[PDB]
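**Student:** The structure is given below, and queries will be raised subsequently.
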Protein chains: 4
Amino acid sequence: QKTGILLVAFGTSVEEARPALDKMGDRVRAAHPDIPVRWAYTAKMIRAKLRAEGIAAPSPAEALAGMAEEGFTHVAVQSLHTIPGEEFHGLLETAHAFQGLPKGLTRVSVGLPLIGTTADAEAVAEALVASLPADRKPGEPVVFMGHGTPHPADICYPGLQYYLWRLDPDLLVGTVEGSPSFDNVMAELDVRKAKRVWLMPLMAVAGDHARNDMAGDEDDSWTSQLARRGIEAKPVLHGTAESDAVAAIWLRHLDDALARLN
Amino acid sequence: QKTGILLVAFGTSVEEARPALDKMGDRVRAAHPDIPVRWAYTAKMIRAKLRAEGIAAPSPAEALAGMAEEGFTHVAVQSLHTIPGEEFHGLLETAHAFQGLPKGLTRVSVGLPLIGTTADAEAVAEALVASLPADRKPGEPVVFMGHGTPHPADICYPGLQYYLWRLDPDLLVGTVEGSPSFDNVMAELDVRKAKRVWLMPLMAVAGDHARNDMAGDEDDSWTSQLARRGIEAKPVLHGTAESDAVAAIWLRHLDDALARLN
Amino acid sequence: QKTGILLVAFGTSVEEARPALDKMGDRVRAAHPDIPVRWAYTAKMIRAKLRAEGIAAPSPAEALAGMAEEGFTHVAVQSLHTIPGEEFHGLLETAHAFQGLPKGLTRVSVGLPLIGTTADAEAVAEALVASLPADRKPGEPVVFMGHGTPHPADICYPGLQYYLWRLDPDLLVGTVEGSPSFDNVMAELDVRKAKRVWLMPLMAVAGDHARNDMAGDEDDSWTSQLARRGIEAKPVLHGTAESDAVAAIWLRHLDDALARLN
Amino acid sequence: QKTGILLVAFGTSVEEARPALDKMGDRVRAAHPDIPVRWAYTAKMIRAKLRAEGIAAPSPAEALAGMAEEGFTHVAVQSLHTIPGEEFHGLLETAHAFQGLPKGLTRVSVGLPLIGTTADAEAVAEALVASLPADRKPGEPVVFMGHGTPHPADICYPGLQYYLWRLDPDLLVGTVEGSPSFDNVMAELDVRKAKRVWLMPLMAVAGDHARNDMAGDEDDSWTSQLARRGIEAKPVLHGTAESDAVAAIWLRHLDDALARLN
Ligand code: HEM
Ligand code: HEM
Ligand SMILES: [O-][O-]
Ligand SMILES: [O-][O-]
Ligand SMILES: [O-][O-]
Ligand SMILES: [O-][O-]
Ligand SMILES: [Co+2]
Ligand SMILES: [Co+2]
Ligand SMILES: [Co+2]
Ligand SMILES: [Co+2]
Ligand code: NA
Ligand code: NA
Ligand code: NA
Ligand code: NA
Ligand code: NA
Ligand code: NA
Ligand code: NA
Ligand code: NA
């Protein structure tokens with residue numbers, strides 16, 4: 001009988017962003033000092049890029065097949081995703097495919113992504129507030145950039161907006177690909193006549209979307225579009241995995257998944 | 001090759017509430033005049049009560065097993081649930097269990113519940129507004145009573161609240177068992193100092209929760225608690241399946257599920 | 001927690017043959033007096049015929065869906081099939097589809113058909129010998145009519161032939177649809193120059209194949225073809241479920257399946 | 001859309017035995033010159049030994065996870081097993097676990113092991129005869145050593161014995177772990193009073209069982225036990241994959257599996 005933990009993120013090949021994930025690995029090791037920890041990545045293109053750099057970057061299926069070969073029997077897979085969207089659901093299907101395979105893993109549990117229950121959503125709103133830069137002043141809006149998805153779990157973003165507004169009317173959620181859109185965010189900012197606006201990723205790592213769509217020099221970045229509107233945009237290139245308060249939520253989900261192995 | 005449709009609701013044994021579901025059956029027949037329509041119910045206690053009254057009330061598993069015996073080969077199962085919560089997810093698992101069974105159904109698709117994508121959520125908010133009683137005046141709040149759940153899909157309720165507020169600041173979502181709670185709703189009403197408040201179910205049928213928790217004579221009903229606060233509460237005992245605008249959304253989800261059989 | 005047994009046969013709509021299955025139901029009740037026993041049938045055409053006669057004849061899927069509705073939690077499904085062929089394999093898939101369904105059965109085990117392990121095959125050969133009519137004389141061949149199948153489990157028939165020959169060189173296996181064929185059986189009989197030959201079904205019940213293909217008045221029956229060869233054919237219209245010795249083997253498989261629920 | 005073939009054997013770490021599997025790889029390449037061929041092994045201990053020698057030896061799960069990462073979409077998995085026993089069944093479950101995984105393989109078919117249908121069993125008996133050493137004389141028995149298993153598919157061995165005896169009364173099947181046993185084989189040889197007896201593996205490769213249990217210097221080997229009985233034992237250390245006639249059967253099963261991808 002041999003327990004293991006498999007941490008699974010979307011992943012990033014951005015050098016400057018990868019430390020957020022290393023930090024999570026430290027937290028997990030610190031919380032569970034006697035349980036081996038393994039990594040996988042859900043984005044096929046990030047795995048390609050990492051392999052190109054000479055770095056092992058297993059898919060969840062490669063990682064679980066390898067852990068079965070090492071003789072693990074019970075594995076808690078922790079999603080480092082923000083919402084229970086397409087990546088998370090693919091992860092559940094994969095995990096459950098491995099469970100019970102002849103001579104393989106006995107039990108594979110899966111920890112919820114960040115915005116799990118409405119209780120989690122409320123905890124995330126509280127944690128995001130705790131994570132805000134000390135230099136942000138009262139009344140300066142903060143826009144959290146979620147990925148957005150066509151999947152039904154996109155509803156987690158307007159859901160989170162509800163909880164954030166019960167803390168501070170000037171905290172806003174926008175997404176690259178889903179709802180609310182950045183145009184919705186700009187309309188929110190116009191009604192507030194805000195002159196300085198902070199932008200923080202609502203992704204575990206500050207990857208390509210944070211560096212390019214949120215804060216890029218390109219004309220269509222959020223920071224470029226705000227500057228054209230006469231707003232001083234203040235992008236913060238830190239993923240949510242950098243925050244202890246936000247990280248605690250994934251850590252509790254991992255505790256829950258570990259308990260489900262028993 | 002033989003196509004069928006299986007309509008699946010939570011269900012109700014309340015005589016006065018069941019017509020909402022009959023209405024849905026009419027709409028579906030009208031839209032798909034050549035495809036047999038069958039019914040099932042996800043709540044084990046409602047099936048027990050209906051059987052007690054001498055009424056057939058198959059589980060999704062009983063219904064699909066019976067349709068396989070009739071020689072259906074491709075069945076679109078339409079969820080008449082509001083959110084993709086525990087009932088919906090149980091329905092997907094069941095549907096997919098039947099698909100491909102030796103000598104049974106070839107393909108079983110499942111239509112999304114009402115609050116599917118963020119696009120659906122936005123359409124639901126628009127449809128709820130279209131459904132409001134003509135006697136409700138501008139500025140009188142309306143509280144939509146969702147069921148609420150411990151499942152992650154509870155986030156659909158604060159999500160819907162976001163879309164409703166982009167239409168009218170005085171439209172509110174509360175739930176019996178999840179978030180937002182009715183205490184959250186009362187705090188919303190207190191800030192608005194509202195003197196007349198409408199209450200509408202955010203369930204397909206106006207069942208036990210609408211008749212007892214929302215509008216009961218008992219002390220803890222929403223209407224009783226509002227009356228104690230000096231508010232004229234105006235409960236509307238109509239499920240969302242009574243609305244043509246709301247029903248259209250489930251009908252489009254059924255179209256989508258039918259298309260997925262091909 | 002509620003245990004049930006589901007007995008599953010190919011089935012028959014032949015009035016005179018059905019008592020063999022009733023006998024099995026008695027044996028099972030006698031062995032497991034406190035466990036409810038339910039029936040299903042794997043042949044879609046037999047279920048059609050039985051329903052036509054006004055008799056309930058559930059498919060395995062209908063039966064299990066109904067047992068879930070009665071609140072059974074652990075069900076041992078016993079195959080009353082002779083080989084682990086297509087019907088048995090369809091039964092396993094169905095059983096396993098029901099296991100773990102939300103709010104349904106917790107555990108569904110499946111008992112092996114008659115010719116399970118090589119130890120079972122050897123026990124079957126011994127039991128068939130014990131079942132022979134007292135009037136059959138030493139040296140008179142006995143031909144056991146198996147169904148035969150295109151499935152790989154057809155190999156159970158030549159397998160059983162091996163074990164039967166270690167008991168008596170004049171015991172022969174033939175099949176309607178697989179190998180050995182009846183032409184192979186006739187060649188076996190020609191080398192033996194046998195003048196009187198017994199024919200016994202190697203099916204649980206003496207159904208259509210026993211009454212028509214093995215013993216029919218039609219020209220192509222086994223008894224007709226033997227009579228044309230000058231052989232006195234002595235058909236015995238008793239299914240193997242009539243034999244206590246043969247029945248014990250299915251009963252042990254049911255014990256094994258019951259044990260697997262724990 | 002990208003087709004691949006995955007050849008899966010029990011495997012061997014015996015240097016002298018591995019060429020039989022290389023031969024199969026050549027045959028497959030020759031038959032399907034444009035389709036990439038990959039290898040996996042079902043025995044966990046053989047994979048351990050091969051890894052110890054610095055050789056990649058993926059499990060079926062490792063191999064399929066890697067092929068998904070290479071962007072294969074349709075993979076025909078060919079079993080190089082002799083019977084549809086526990087290894088084969090584990091292989092089917094694994095193959096089917098990978099099929100349809102999000103962003104992974106679309107279709108994974110599995111080719112039957114050697115003794116598939118009764119038609120295959122008859123073809124195997126014919127192929128074994130074609131494979132016999134030219135020096136074996138008429139009337140000298142040949143004993144084929146199968147592995148044997150507790151699984152129901154052990155019945156394939158007495159089944160094959162039936163077909164072999166329709167070709168030559170002196171061809172015998174024994175197994176290490178199942179039925180018929182080697183003691184059964186010795187009793188067959190005693191009735192024949194045979195003075196010279198050939199021993200051939202009924203495994204794809206002449207691995208540990210062929211080299212040690214069938215032909216070892218140890219007292220309990222088949223060749224040692226025969227020599228004690230005054231029989232000249234003539235072991236042939238060639239696996240069945242060395243035979244063109246036997247190999248053709250696995251090749252047809254691979255054709256069938258390739259066709260099932262369409
Ligand atoms: C707001 C949260 C969730 C939403 C909105 C949601 C919605 C959906 C939808 C739409 C599907 C159909 C497949 C697709 O549309 O791509 C699905 C399938 C499924 N869900 Fe969820 N789901 C949620 C959470 C969960 C969670 C937390 C679990 C964990 C057990 C789960 C388990 C499954 C499974 C096993 C399937 C089968 C289909 C698939 O993998 O996509 N769902 N869900
Ligand atoms: C001599 C005995 C058996 C033989 C020759 C055999 C052969 C096969 C074959 C050929 C398939 C592929 C599907 C098909 O060809 O129709 C299969 C599938 C399978 N077998 Fe067996 N099998 C045997 C016994 C068993 C037993 C006793 C079990 C009980 C666990 C089992 C479990 C399964 C399962 C779960 C599948 C998946 C595919 C299907 O349902 O047909 N098999 N087997
Ligand atoms: O990456 O969108
Ligand atoms: O019913 O809660
Ligand atoms: O019935 O063949
Ligand atoms: O290896 O037995
Ligand atoms: Co993106
Ligand atoms: Co309720
Ligand atoms: Co037949
Ligand atoms: Co062995
Ligand atoms: Na995000
Ligand atoms: Na990114
Ligand atoms: Na609701
Ligand atoms: Na209700
Ligand atoms: Na039979
Ligand atoms: Na019959
Ligand atoms: Na073998
Ligand atoms: Na070996």
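Starting from 1 in every chain, residues are counted up; chains themselves are A, B, ... following the order of the structure tokens, and ligands are numbered from 1 as listed.
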Determine which residues of segment 4-101 of chain B receive a DSSP assignment of alpha helix (DSSP H), computed from the backbone, and state them as a PyMOL selection string.
**Tutor:** chain B and resi 19-31+44-52+60-69+86-98
**Student:** Counting only C-alpha atoms, collect the residues of chain D whose closest atom lies at most 7 Å from chain C, and write them out as a ChimeraX atom specification.
**Tutor:** /D:116-118,150-152,154-156,158-159,162,179
**Student:** Store the residues of this selection in a file with N, CA and C atoms, as a compact mmCIF listing (two decimals), in the first residue's frame.
**Tutor:**
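This is the output file out13.txt:
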# COMPACT_ATOMS: atom_id res chain seq x y z
N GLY D 116 -8.19 -17.95 -30.33
CA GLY D 116 -9.33 -17.07 -30.23
C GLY D 116 -10.61 -17.88 -30.42
N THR D 117 -11.11 -17.91 -31.64
CA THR D 117 -12.31 -18.66 -31.96
C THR D 117 -11.98 -20.17 -32.06
N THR D 118 -13.01 -21.02 -32.12
CA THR D 118 -12.71 -22.46 -32.41
C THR D 118 -12.07 -22.61 -33.80
N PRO D 150 -5.19 -20.07 -13.67
CA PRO D 150 -6.44 -20.25 -12.99
C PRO D 150 -7.67 -19.62 -13.68
N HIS D 151 -7.45 -18.74 -14.65
CA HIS D 151 -8.53 -18.05 -15.36
C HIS D 151 -9.36 -19.08 -16.16
N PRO D 152 -10.66 -18.81 -16.38
CA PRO D 152 -11.49 -19.66 -17.23
C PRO D 152 -10.89 -19.99 -18.60
N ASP D 154 -8.15 -21.10 -19.32
CA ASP D 154 -7.37 -22.34 -19.27
C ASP D 154 -8.02 -23.44 -20.11
N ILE D 155 -9.32 -23.31 -20.34
CA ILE D 155 -10.10 -24.33 -21.08
C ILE D 155 -9.60 -24.37 -22.51
N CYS D 156 -8.86 -23.31 -22.95
CA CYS D 156 -8.28 -23.32 -24.31
C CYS D 156 -7.29 -24.46 -24.47
N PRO D 158 -7.24 -27.79 -23.02
CA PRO D 158 -7.95 -29.05 -23.40
C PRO D 158 -8.68 -28.86 -24.74
N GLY D 159 -9.22 -27.65 -24.99
CA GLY D 159 -9.79 -27.37 -26.32
C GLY D 159 -8.81 -27.63 -27.47
N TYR D 162 -8.15 -31.28 -28.18
CA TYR D 162 -9.18 -31.87 -29.04
C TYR D 162 -8.81 -31.71 -30.51
N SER D 179 -4.54 -27.01 -16.68
CA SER D 179 -4.96 -28.37 -17.11
C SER D 179 -4.91 -28.38 -18.64
**Student:** Contacts of segment 195-211 of chain C at 8 Å or less, counting only C-alpha atoms, minus same-chain residues fewer than 4 places along, as a PyMOL selection string?
**Tutor:** chain C and resi 11-12+14+17-18+20-21+80-82+136+140-147+176+215-216+230-242
**Student:** So that I can check the surroundings of segment 55-63 of chain B, please list as a VMD selection string every protein, DNA and RNA residue that reaches within 6 Å of it, counting only C-alpha atoms and ignoring chain neighbours fewer than 3 positions away.
**Tutor:** (chain B and resid 40 to 41 47 50 to 51 66) or (chain C and resid 65)
**Student:** Determine, counting only C-alpha atoms, which protein, DNA and RNA residues have an atom within 8 Å of an atom of segment 1-3 of chain D; residues of the same chain fewer than 6 positions away are not included. Present the result as a list in words.
**Tutor:** residues 35, 36, 71, 72, 73, 74, 75 and 76 of chain D
**Student:** Let me see the file: selected residues, N, CA and C atoms, as a compact mmCIF listing (two decimals), in the first residue's frame.
**Tutor:**
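Resulting contents of again-v5.txt:
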# COMPACT_ATOMS: atom_id res chain seq x y z
N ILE D 35 2.63 1.91 -41.26
CA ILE D 35 2.00 2.15 -39.96
C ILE D 35 3.06 1.97 -38.88
N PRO D 36 3.26 3.01 -38.04
CA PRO D 36 4.25 2.93 -36.96
C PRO D 36 3.89 1.78 -36.01
N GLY D 71 0.40 12.00 -30.67
CA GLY D 71 -0.69 12.39 -31.52
C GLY D 71 -1.30 11.23 -32.34
N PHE D 72 -1.03 9.97 -31.95
CA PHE D 72 -1.78 8.88 -32.58
C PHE D 72 -3.23 9.06 -32.20
N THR D 73 -4.13 8.66 -33.11
CA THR D 73 -5.54 8.77 -32.85
C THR D 73 -6.22 7.42 -32.87
N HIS D 74 -5.70 6.49 -33.67
CA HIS D 74 -6.38 5.19 -33.76
C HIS D 74 -5.31 4.14 -33.59
N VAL D 75 -5.42 3.28 -32.57
CA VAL D 75 -4.31 2.34 -32.37
C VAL D 75 -4.87 0.92 -32.31
N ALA D 76 -4.29 0.01 -33.10
CA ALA D 76 -4.65 -1.43 -33.01
C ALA D 76 -3.59 -2.09 -32.09
**Student:** One decimal, Å: what's the distance from atom CA of residue 100 of chain C over to atom CA of residue 46 of chain C, could you say?
**Tutor:** 29.0 Å
